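Results of the structural survey
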Number of protein chains: 2
Amino acid sequence: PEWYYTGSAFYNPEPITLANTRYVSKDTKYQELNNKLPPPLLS
Amino acid sequence: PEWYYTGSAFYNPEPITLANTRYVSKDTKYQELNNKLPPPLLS
């Protein structure tokens, strides 16, 4: 599926960028994206 | 010497990545590295 970003105090889907994400270590509970990739995960 | 990262509440050495480091200004008490470099410093 396509993943968006929203604020915690208001529902508003937004593009996933480096202005609202932080890099973390890999966990087994994280979603593995293969078809579509946000610009933080693209290279 | 080779440097690793560990949590503050449990001792477990880990590779130094961008997921656990922040970029800071130069200081005189910081370690000078010439032989080996973490990927935050190599890139």
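A few words now on the overall build of chain A. Counting secondary structure elements, chain A contains zero helices and zero strands. Working note: accessible area of chain A is about 4,200 Å², and carbon and sulfur atoms make up 55% of it. Positive and negative side-chain charges in chain A, numbering 4 and 4 respectively, have mean positions lying 6 Å apart.

So, about the pattern of salt bridges. Applying the stated criterion across every chain yields a total of two salt bridges over all chains. Salt-bridge contacts for A:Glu32 lead to A:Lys26; the nearest nitrogen and oxygen are separated by 3.4 Å. Residue A:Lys26 is classed as exposed on the basis of its relative accessible area of 67%. Taking the shortest distance from any N to any O, the salt bridge between B:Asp27 and B:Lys29 comes out at 3.1 Å. When its relative accessible area of 60% is taken as the criterion, B:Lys29 is described as exposed.

How each quantity is defined
- Residues numbered from 1 in each chain as written, not as in the entry; some residues may be left out.
- Chains lettered and ligands numbered in written order.
- Part of a larger assembly, values for the part shown.
- Heavy atoms only, no water.
- Helix = DSSP H or I, 4+ residues; strand = E, 2+ residues; numbered from the N terminus.
- Areas by Shrake-Rupley, 256 points an atom, 1.4 Å probe, with all protein chains shown as cover.
- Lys, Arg positive; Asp, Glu negative; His and termini not counted.
- Charge placed at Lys NZ, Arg CZ, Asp CG, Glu CD.
- Salt bridge = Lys/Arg side-chain N within 4 Å of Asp/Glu carboxyl O.
- Buried < 20%, exposed > 50% of the residue type's maximum accessible area, 1.4 Å probe, protein only.

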